[PDB]
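Take a look at the letters that make up each chain.
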Amino acid sequence: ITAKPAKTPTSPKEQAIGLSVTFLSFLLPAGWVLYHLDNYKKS
Amino acid sequence: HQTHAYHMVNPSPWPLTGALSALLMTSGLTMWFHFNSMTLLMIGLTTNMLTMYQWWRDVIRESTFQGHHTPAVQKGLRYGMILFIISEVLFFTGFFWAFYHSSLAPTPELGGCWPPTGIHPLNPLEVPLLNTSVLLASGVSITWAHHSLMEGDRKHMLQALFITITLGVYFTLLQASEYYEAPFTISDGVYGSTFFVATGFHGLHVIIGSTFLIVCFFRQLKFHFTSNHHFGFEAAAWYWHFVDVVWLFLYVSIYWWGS
Amino acid sequence: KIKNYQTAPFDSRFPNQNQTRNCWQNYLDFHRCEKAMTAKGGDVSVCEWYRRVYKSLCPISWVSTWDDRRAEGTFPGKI
Amino acid sequence: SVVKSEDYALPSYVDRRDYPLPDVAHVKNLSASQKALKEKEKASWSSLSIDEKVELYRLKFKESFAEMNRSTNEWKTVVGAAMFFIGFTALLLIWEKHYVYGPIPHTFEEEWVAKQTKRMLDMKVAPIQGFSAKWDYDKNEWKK
Amino acid sequence: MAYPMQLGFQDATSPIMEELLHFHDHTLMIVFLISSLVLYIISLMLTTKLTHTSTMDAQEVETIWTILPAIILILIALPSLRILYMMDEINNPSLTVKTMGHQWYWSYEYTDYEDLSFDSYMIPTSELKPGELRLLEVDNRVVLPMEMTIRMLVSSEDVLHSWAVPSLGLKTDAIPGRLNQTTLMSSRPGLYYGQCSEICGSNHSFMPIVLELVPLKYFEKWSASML
Amino acid sequence: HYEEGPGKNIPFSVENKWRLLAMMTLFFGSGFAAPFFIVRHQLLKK
Amino acid sequence: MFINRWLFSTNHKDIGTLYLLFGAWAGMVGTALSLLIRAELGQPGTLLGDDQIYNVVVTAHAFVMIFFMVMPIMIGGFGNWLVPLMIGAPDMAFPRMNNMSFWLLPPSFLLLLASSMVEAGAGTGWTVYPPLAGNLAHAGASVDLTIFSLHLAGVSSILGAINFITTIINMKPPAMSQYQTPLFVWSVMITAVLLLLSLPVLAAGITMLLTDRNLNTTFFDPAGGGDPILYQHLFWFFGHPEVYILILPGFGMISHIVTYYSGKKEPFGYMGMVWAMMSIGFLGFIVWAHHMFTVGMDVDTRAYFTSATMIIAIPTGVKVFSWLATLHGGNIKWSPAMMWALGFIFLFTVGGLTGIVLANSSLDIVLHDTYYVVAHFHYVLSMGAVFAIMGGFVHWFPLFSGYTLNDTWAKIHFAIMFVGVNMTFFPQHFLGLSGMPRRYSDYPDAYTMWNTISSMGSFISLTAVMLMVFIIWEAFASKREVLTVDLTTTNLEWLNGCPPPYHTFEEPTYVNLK
Amino acid sequence: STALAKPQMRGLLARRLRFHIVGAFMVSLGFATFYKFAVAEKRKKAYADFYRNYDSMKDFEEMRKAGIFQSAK
Amino acid sequence: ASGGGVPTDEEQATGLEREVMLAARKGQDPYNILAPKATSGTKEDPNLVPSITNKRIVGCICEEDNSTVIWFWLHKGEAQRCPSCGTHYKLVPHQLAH
Amino acid sequence: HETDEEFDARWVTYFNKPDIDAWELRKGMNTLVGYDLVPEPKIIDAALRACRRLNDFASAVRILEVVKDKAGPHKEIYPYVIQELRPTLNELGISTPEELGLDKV
Amino acid sequence: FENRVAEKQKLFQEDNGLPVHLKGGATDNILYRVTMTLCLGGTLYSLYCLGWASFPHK
Amino acid sequence: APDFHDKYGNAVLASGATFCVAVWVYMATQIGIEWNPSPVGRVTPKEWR
Amino acid sequence: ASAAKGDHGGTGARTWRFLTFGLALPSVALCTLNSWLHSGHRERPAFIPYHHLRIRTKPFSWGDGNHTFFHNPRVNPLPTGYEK
Ligand SMILES: CCCCCCCCCCCCCCCCCC(=O)OCC(COC(=O)CCCCCCCCCCCCCCCCC)OC(=O)CCCCCCCCCCCCCCCCC
Ligand code: HEA
Ligand SMILES: CCCCC/C=C\C/C=C\C/C=C\C/C=C/CCCC(=O)O[C@H](COC(=O)CCCCCCCCCCCCCCCCC)COP(=O)(O)OCCN
Ligand SMILES: CCCCCCCCCCO[C@@H]1O[C@H](CO)[C@@H](O[C@H]2O[C@H](CO)[C@@H](O)[C@H](O)[C@H]2O)[C@H](O)[C@H]1O
Ligand code: CUA
Ligand SMILES: [Cu+2]
Ligand SMILES: [Mg+2]
Ligand code: NA
Ligand code: NA
Ligand SMILES: [Zn+2]
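Residues numbered from 1 in each chain as written, not as in the entry; some residues may be left out. Chains lettered and ligands numbered in written order. Heavy atoms only, no water.

*Asks:* Before we move on, can you summarise the coordination of the zinc ion (ligand 10) with the specific residues and values?
*Replies:* Residues and elements named next belong to chain I. Summarising the metal site, the zinc ion (ligand 10) is bound by the protein donors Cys60 (SG), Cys62 (SG), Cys82 (SG) and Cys85 (SG), whose distances to it range over 2.3 to 2.4 Å. Around the zinc ion (ligand 10), the 4 donor atoms are arranged such that angles at the metal cover 106 to 117°; this shape is classified as tetrahedral. Each donor residue of the zinc ion (ligand 10) lies on one chain, and together they are spaced C-x1-C-x19-C-x2-C. Of this pair, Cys60 sits in strand 2 (residues 55-60) while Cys82 sits in the loop between strand 4 (80-81) and strand 5 (88-93); the two residues are 22 residues apart in sequence, bridging distant segments of the chain. Residue classification places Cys60 among the buried residues on the basis of a relative accessible area of 0%. (Donors = N, O, S within 2.8 Å, 3.2 Å for Na, K, Ca; no water. Tetrahedral: all angles 85-135°; square planar, octahedral: opposite > 155°, others 65-115°. Helix = DSSP H or I, 4+ residues; strand = E, 2+ residues; numbered from the N terminus. Buried < 20%, exposed > 50% of the residue type's maximum accessible area, 1.4 Å probe, protein only.)

Here is the structure:
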């Protein structure tokens with residue numbers, strides 16, 4: 001396939017931000033639940 | 001401007017109101033079964049009837065009034081109706097499987113016999129036989145209705161279609177009376193389970209088919225059908241014959257062989 | 001005593017994995033025989049083989065339930 | 001030169017080793033000099049200079065076969081990055097072990113395992129090949 | 001029982017389980033070969049710059065790769081079905097034992113002669129005696145005479161369970177209202193372990209099976225003592 | 001009629017990549033978090 | 001305008017887009033449930049301390065991945081986008097009924113989530129066997145909510161099947177016969193026939209379970225003369241066709257991806273591929289009781305189900321060898337979609353072969369209800385259906401969106417996923433051979449090592465899932481618009497541009513009969 | 001400057017295919033032979049060697065003396 | 001026995017259904033219900049492809065019973081050739097209906 | 001099911017058609033490289049002369065490149081084919097890709 | 001009865017840009033709003049019922 | 001003109017591999033994971049009764 | 001089979017009306033006669049509290065929870081026997 005160059009280029013810095021935000025959106029809420037599992041058990 | 005013959009449908013809210021009505025009916029049944037309340041269920045049944053009404057109303061608008069049903073579109077609806085009927089056949093096939101599984105291998109709890117100890121089946125030569133002649137006759141009279149319509153005869157189409165509906169209604173009344181008089185119930189083990197769930201779903205399909213025929217009756221009164229274009233009538237006739245054939249299998253299997 | 005009973009022998013009427021009917025048949029047979037022998041005065045000892053087989057095969061809880069229902073008048077098999 | 005989206009339904013240029021002669025020339029519009037080069041091309045090619053032959057080729061085609069088939073270093077990036085993210089995954093597992101998992105059951109303590117191992121040997125667990133088979137009951141040791 | 005880092009089946013305790021080990025060896029060889037051949041052919045198709053993109057005729061080669069797999073299936077099915085029928089063949093048991101599944105424990109009934117029955121529960125982890133196996137030991141083992149053909153009858157008094165002992169090749173579902181038969185013959189004394197094998201609710205993981213296989217005269221005295 | 005073309009045939013806006021990052025984060029993150037919070041809910045009941 | 005377009009749609013592309021978004025969201029739910037599974041098992045002992053909740057998580061994981069992830073993406077998503085384009089049709093036959101098939105799924109999913117939130121959830125297994133699923137061992141609303149969830153998803157797919165069959169039979173160019181349609185179109189039609197015939201039988205069986213739970217029927221209750229084993233026959237009479245439903249559109253996409261990146265104008269042996277899918281579809285209705293080899297079945301029945309099941313390897317092998325033959329001689333493009341497809345061919349073959357092991361009812365006695373089954377079907381599902389989905393998503397993303405992905409990031413994603421799924425599931429064969437049951441929250445100590453490795457592998461696949469979200473974001477963030485696509489002469493769906501206009505084929509294609 | 005000989009120019013792909021399929025077959029038979037040695041027959045011989053002089057009463061008495069049984073002390 | 005009162009299509013068909021019906025009676029196919037029959041497809045006798053615009057997609061089944069169809073845009077202007085079999089097609093734009 | 005010599009001769013005849021047009025030149029070359037062979041020098045000769053009748057120097061060079069490509073790892077084929085074509089290359093003034101620097105990455 | 005189909009054809013073919021489900025006139029809009037109000041309101045109510053049923057009640 | 005891979009490829013491979021190996025070795029050996037390997041050749045059996 | 005009559009030279013409305021009034025409805029009228037003849041209530045049998053009948057695993061969602069949907073006091077006993 002061929003394509004135009006990016007209309008709104010995403011620099012390495014911007015990719016690191018998008019990748020970081022993405023991973024955190026998965027890891028933090030589940031990490032919060034799992035870390036407090038002991039507090040849920042025993043209720 | 002298109003230069004194929006197929007129908008691009010206007011954006012419609014009825015898919016969404018039908019989907020929501022399904023949520024409200026299933027939610028509603030849950031609420032009825034477990035939380036002593038019929039409120040959700042009544043709303044879902046209401047939105048379901050409203051959805052069906054406006055959706056099929058719009059199909060009538062699109063075809064009779066706007067002319068979108070070219071031969072290609074009509075051919076597609078024929079396939080769609082045939083496929084739908086096939087899926088309904090397989091649905092009944094699951095209940096016939098349940099019936100034969102239980103009755104061909106009656107467990108000790110039943111007395112090791114079919115009909116179970118303590119079950120007294122209806123006489124298949126009384127009301128069940130009458131029911132059979134009623135649906136068989138309605139299959140004759142709806143074929144008369146179809147030929148009258150194709151031959152351009154409005155009055156005899158209406159007479160034959162009215163006879164067909166009347167017989168459908170007679171069957172439903174006879175079946176409701178048989179249900180009330182039956183000395184066994186749905187809670188009478190697997191005999192009552194298979195009897196009432198299989199004939200009960202069949203009864204629901206008789207009601208649906210009679211409703212469909214009644215829709216065709218009023219479309220005919222309003223001159224919607226031409227002598228060559230009347231797919232709603234054909235579909236209701238195919239569905240009606242399906243309901244007839246399922247009855248014949250129920251009659252032979254559950255009422256006669258299973259008695 | 002045409003026995004020396006170890007356990008219930010293979011029964012060609014019930015050769016497959018589901019043995020429910022073997023248990024049920026020998027239970028029915030024992031109680032049918034005991035009813036006929038108890039009527040005409042005879043000795044239930046002629047019923048012994050059916051008794052041994054169904055006791056070997058049948059779950060305790062089934063026998064117990066079937067015994068209760070026969071006493072209650074609700075046993076659905078024919079004896 | 002410049003390919004446009006609204007040209008999608010037209011024949012297009014591509015460099016593919018298995019479609020050597022694409023549907024259009026790489027360069028459609030010709031300058032004054034390029035026009036005269038194409039006129040020169042109608043005479044004997046022996047009178048074209050090397051530079052003129054290369055200019056002709058580059059009007060017709062974008063990349064040569066050697067250019068279009070060149071290998072790249074991309075595998076280093078792919079393999080190295082995948083290892084980085086697999087490495088990151090072990091960080092998550094260290095976190096899970098430290099903050100989520102409690103102690104495992106007391107049956108994994110060394111003395112428990114030694115006693116359970118003897119009992120398995122005493123009951124001859126898997127004595128044909130799997131386990132006790134590997135113990136020497138005469139020398140009272142694992143078979144060497 | 002299984003041992004740490006085990007790769008294959010538990011060592012066979014019954015001759016039928018031995019048959020299954022050899023049949024699995026046969027079948028696994030075929031599995032390895034076919035999967036290896038596919039992986040290899042993939043790598044072969046992908047490692048040349050030579051090309052051939054015109055239309056290829058298929059009829060010749062589709063014979064090969066219909067008939068060869070059909071032959072291979074038959075070479076699997078024949079030993080498979082032999083084992084299946086051999087398992088089914090008439091045995092003449094010396095003893096019948098019933099087991100009833102419950103939530104969550106097994107009961108056992110030995111009623112050929114006396115009315116012997118008892119419940120068999122997992123030993124909780126905190127009560128294991130030193131060297132006993134977490135989640136596998138029970139309080140009351142299924143003592144059985146070794147080197148003898150036993151009929152096991154399996155049912156349930158509540159939901160489905162399934163009565164399994166891998167090293168004897170046994171797994172028979174436990175269905176209320178139904179009495180499923182299987183036969184058991186241990187070549188060896190010892191303790192043989194299995195675990196409930198149909199999800200039966202929250203303690204499915206924790207209703208194990210332990211058979212204790214001993215000489216007949218030991219079994220007789222044990223039986224007498226359990227009345 | 002309706003807008004056509006890249007970025008226009010979708011029910012979400014891609015006009016700003018950071019607002020899009022937020023939306024995608026809420027969207028995929030809500031699906032991924034839900035089972036953890038359902039388990040939490042069931043543990044807290046008893 | 002927004003509501004008209006996206007809630008009231010009658011357009012096959014926009015509806016396909018809705019299905020892809022829904023399935024992508026479902027994928028997150030199903031993945032998180034799978035991670036909870038593997039966290040419970042990642043070390044000996046208990047993590048949740050509540051095995052009813054463990055059972056609920058296992059059950060939901062399966063329903064989510066099957067009904068809300070795979071079927072909507074493959075059939076609703078790729079089928080709606082691609083089938084009308086591939087036959088030059090202007091939309092589906094029933095474009096408004098099509099929209100109701102979509103909008104029944106959010107309510108279906110809501111009902112499933114409701115079941116897990118009320119009472120103690122439905123901790124039944126995705127088979128929902130009675131009596132465990134009955135009103136004594138699972139009293140209260142959870143199982144009934146699960147049944148109703150299945151009813152709605154069932155209606156959705158039955159109406160979708162009618163739509164696809166009608167479209168594919170009735171809306172081709174008048175010169176195109178069925179033997180001139182692309183293999184993906186054939187794969188959708190066959191899947192739709194299987195859906196049409198099997199889902200009504202499931203519906204019948206789960207309705208009987210509903211009436212046993214709520215109307216005092218006793219179809220499955222011995223006390224009334226019923227039989228739990230009857231439920232199993234009805235369930236698996238659907239459930240085996242269901243696994244062929246989950247893979248057949250996958251086979252269709254694989255055939256297009258392998259043909260395309262081999263630089264071929266056509267798959268090897270086209271009529272053989274059609275024959276193979278039809279044969280698979282047909283045999284897929286007469287093998288269901290290999291799910292019941294331990295229930296106490298007569299020996300001749302076992303011998304028949306063993307033999308009929310094995311015969312499916314023959315048409316399946318014709319497809320595998322035909323894909324290899326499509327690669328043969330190709331100008332191989334090593335795109336990320338091609339990598340997904342090559343991994344598909346190998347890992348699906350591994351999983352299909354352990355299926356043939358299980359078909360032998362004598363061995364299945366010892367393998368049934370063990371992790372050997374789990375290993376088997378995650379090779380055909382998590383490395384078969386999922387790899388076909390990723391391949392098709394990478395390949396056709398520029399068509400659907402107008403934008404390209406970063407190929408390097410997409411290759412990295414494939415690499416991580418390939419390591420993760422194999423580390424997760426390959427050791428489960430050992431656990432199964434050595435006797436570990438499935439549906440367990442904890443295991444005897446000997447099984448610790450393989451369970452530990454398997455749970456670590458599931459975190460690697462999580463990292464790949466997270467990266468996939470970033471990759472999609474980066475594509476939409478950067479906006480590289482497509483210019484040229486190769487091989488459009490044999491890939492009609494690309495020929496209206498990227499993305500195609502809302503209405504395509506308003507003027508139909510011209511095809512001569514000659 | 002001698003001329004170059006004419007090489008094979010036709011069917012090069014098909015020739016590579018044939019050569020390596022044949023090679024694959026030969027490796028397959030080599031593996032099947034090795035596996036029958038190292039796995040299948042090895043197992044048959046272990047089971048046969050084990051049971052040839054196996055004394056089940058002596059095995060039992062050892063287990064009984066190790067204290068493993070509930071029913072036998 | 002006998003009587004009337006049922007409308008005919010000639011009386012009551014409307015919209016697109018009526019257009020197709022009336023065109024078929026004239027032997028015309030403006031909504032592409034029929035498959036066109038091929039010419040010899042030479043440069044001198046090209047297949048004639050009607051269109052309501054300046055380009056139309058052609059599918060070419062190069063030989064009888066090929067399963068592979070060859071697809072391309074046919075543009076207003078000089079005849080184009082199928083890239084697989086070379087047979088010729090020429091666009092004939094027209095009118096307002098088809 | 002025709003002989004090698006019959007195949008080659010069909011292709012020679014194809015490219016030798018005096019009024020062969022540009023479309024036919026491309027169609028021929030693009031079809032020919034789909035087969036499992038490197039085309040005989042006599043075929044390339046006819047295609048190169050067709051390039052000459054079509055005043056297309058660049059496609060003559062591209063044809064030499066695809067000959068080299070179709071040989072894959074068989075490094076002896078291309079030097080033989082160029083050898084056999086030397087009189088035609090000289091006659092028509094066709095420079096090889098190597099002489100033009102077009103073999104450099 | 002008399003055949004009034006031609007009148008309905010004229011009404012539903014009038015070039016007023018309305019979708020078919022509203023093209024009958026103001027009664028369509030009313031019935032539409034009734035349907036969608038019951039659906040959305042019933043759906044919110046079902047969410048409330050989920051909320052209630054999600055917790056134990058003694 | 002060198003692309004991303006020409007300029008950074010070598011470093012991405014080397015540092016990625018180094019990081020991957022080090023962190024998995026650490027996770028595997030240093031944080032108390034019980035792998036429960038075979039006792040064969042490793043455990044001295046001890047009296048239990 | 002060919003039934004026992006005869007026509008196909010013309011299929012049509014007249015023939016199917018002929019079948020409707022000459023065969024189908026007379027059949028219904030006969031079966032109506034036969035049924036509304038063997039009607040009249042039969043004896044209800046002695047009540048026996050069989051455990052495979054009058055199943056109650058969950059109360060019905062209507063009434064007092066113990067009556068089936070089309071409960072007929074005359075012929076449908078409750079788990080405890082006929083009503084008064
Ligand atoms: C196949 C999918 C890819 C899998 C990739 C991830 C895993 C890498 C596999 C990289 C190698 C893959 C080849 C299979 C490894 C089998 C190991 C074994 O000894 O298995 C033995 C048997 C049981 O046999 C026995 O009862 C006797 C055991 C004798 C043991 C003696 C001492 C052994 C020393 C310790 C060895 C530890 C091994 C640890 C193993 C640790 C694994 C994580 O287990 C079984 O049946 C397992 C059932 C598997 C069924 C699917 C088979 C398909 C494989 C495809 C291969 C294609 C070519 C390679 C393909 C090359 C790779 C592309
Ligand atoms: C995508 C889904 C999918 C697919 C396609 C398959 C494909 C097959 N499966 Fe699998 N299976 C499942 C998903 C699937 N399965 C699921 C979910 C379960 C568990 C359900 C549950 O209990 O929850 C399961 C369970 C299951 C069981 C029950 C085991 C048990 O519970 O004890 C069995 C038994 O026969 C089985 C067999 C097969 C076979 C023979 C195939 C065949 O179709 C495979 C044929 C393919 C090949 C053979 C590979 C390619 C062929 C060649 C390269 C040719 C040469 C090969 C030979 C000569 C052998 N499967
Ligand atoms: C000619 C008469 C026709 C019957 C009409 C009766 C009311 C029906 C209302 C809607 C029913 C729709 C489904 C039909 C299913 C049949 C079950 C009932 C058939 C029936 O009506 O059986 C009655 C019992 O009804 C009962 O329990 C309960 C009655 C119904 C309660 C609501 C049942 C709702 C169940 C919903 C399941 C739907 C699942 C469908 C999924 C479709 C596929 C996706 C029998 O009465 P009885 O007193 O036991 O014995 C008579 C003794 N004198
Ligand atoms: C299965 C998928 C999951 C994969 C693994 C997730 C791994 C990364 C999760 C990190 O998430 C966070 O971890 C923190 C700890 O590192 C927690 O802080 C918690 O602990 C902190 C450290 O003691 C305190 O400062 C905070 O108050 C406290 O809430 C925090 O809530 C949680 O969001
Ligand atoms: Cu009992 Cu699982
Ligand atoms: Cu299956
Ligand atoms: Mg099971
Ligand atoms: Na008609
Ligand atoms: Na655990
Ligand atoms: Zn052509």
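*Asks:* Before we move on, could you go through the state of the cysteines and cite the residues and values that matter?
*Replies:* All names here are of chain C. Counted under the stated rule, the structure contains 2 disulfides over all chains. Two residues share a disulfide in this structure: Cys23 and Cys58, whose sulfurs sit 2.1 Å from each other. With the S-S dihedral at roughly 120°, the linkage between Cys23 and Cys58 falls on the right-handed side. In this pair, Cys23 sits in helix 1 (residues 20-39) while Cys58 sits in the loop between helix 2 (48-57) and helix 3 (60-72), placing the two residues 35 residues apart along the sequence. (Disulfide = S-S within 2.5 Å.)

*Asks:* Can you explain the domain arrangement of chain E? Please cite residues and give values.
*Replies:* Residue and element names in this part refer to chain E. One can read the domain layout of chain E as domain 1 (2-91) and domain 2 (92-227). A C-alpha centroid distance of 35 Å is found between domain 1 and domain 2. Across the contact, 9 residues belong to domain 1 and 13 residues belong to domain 2. Summed over both partners, the interface of domain 1 with domain 2 buries about 940 Å², with 49% contributed by carbon and sulfur atoms. (Domains from an automatic or database assignment. Contact = heavy atoms within 4.5 Å. Buried area = accessible area lost by both parts, 1.4 Å probe.)

*Asks:* Describe in detail the coordination of the magnesium ion (ligand 7), supporting the description with residues and values.
*Replies:* Around the magnesium ion (ligand 7), the protein supplies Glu198 of chain E (OE), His368 of chain G (NE2) and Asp369 of chain G (OD) as donor atoms, at distances of 2.1 to 2.2 Å. Of the two residues, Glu198 of chain E is situated in the loop between strand 9 (190-195) and strand 10 (208-214) and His368 of chain G in the loop between helix 13 (361-367) and helix 14 (371-401); the pairing between them involves two chains. Like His368 of chain G, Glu198 of chain E is buried.

*Asks:* Give a description of the side chain of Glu62 of chain B that names residues and reports values.
*Replies:* Secondary-structure assignment places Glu62 of chain B in helix 2 (residues 39-65). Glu62 of chain B gets classed as buried once you look at its relative accessible area, which sits at 2%. One polar contact links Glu62 of chain B to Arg96 of chain G, side chain to side chain, over a distance of 2.7 Å. (Polar contact = N/O pair within 3.5 Å; in protein donor to acceptor, adjacent residues only side chain to side chain.)

*Asks:* So what's going on with the sheet that holds strand 4 of chain I? Which residues, and what values?
*Replies:* Residues and elements named next belong to chain I. Taking strand neighbours across the sheet as the criterion, the 3 strands line up as 1-5-4 in an open arrangement whose pairing is mixed. A single partner strand is all that each edge strand has here, and the edge strands are strand 1 (47-51) and strand 4. As judged from the 5 bridges shared by strand 1 and strand 5, these two strands associate in the parallel manner. Following the sheet pairing, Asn47 is matched in strand 5 by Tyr89. (Pairing = 2+ DSSP bridges.)

*Asks:* Explain helix 2 (residues 50-60) of chain D residue by residue, including any values.
*Replies:* Listed as buried for helix 2 of chain D are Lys53, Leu56, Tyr57 and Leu59 of chain D. Buried positions in helix 2 of chain D, seen along its axis, are confined to an arc of 160° and lie on one side of it. Contacts from the buried residues of helix 2 of chain D go to helix 1 (32-41) and helix 3 (65-68) of chain D together with helix 4 (57-70) of chain J. (Arc of directions from axis to C-beta.)

*Asks:* I'd like a description of the packing of aromatic side chains, backed by residues and values.
*Replies:* With the rule as written, the count across this model stands at 138 aromatic pairs over all chains. Directly above the aromatic system of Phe223 of chain B lies the positively charged group of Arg154 of chain B, at a separation of 3.6 Å from the ring centroid. Over the ring of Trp73 of chain I we find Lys55 of chain I; its NZ or CZ atom is 5.2 Å from the centre of that ring. (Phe/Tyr/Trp six-rings, centres within 6.5 Å; stacked < 30°, edge-to-face > 60°. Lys NZ or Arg CZ within 6 Å of the ring centre and 35° of its normal.)

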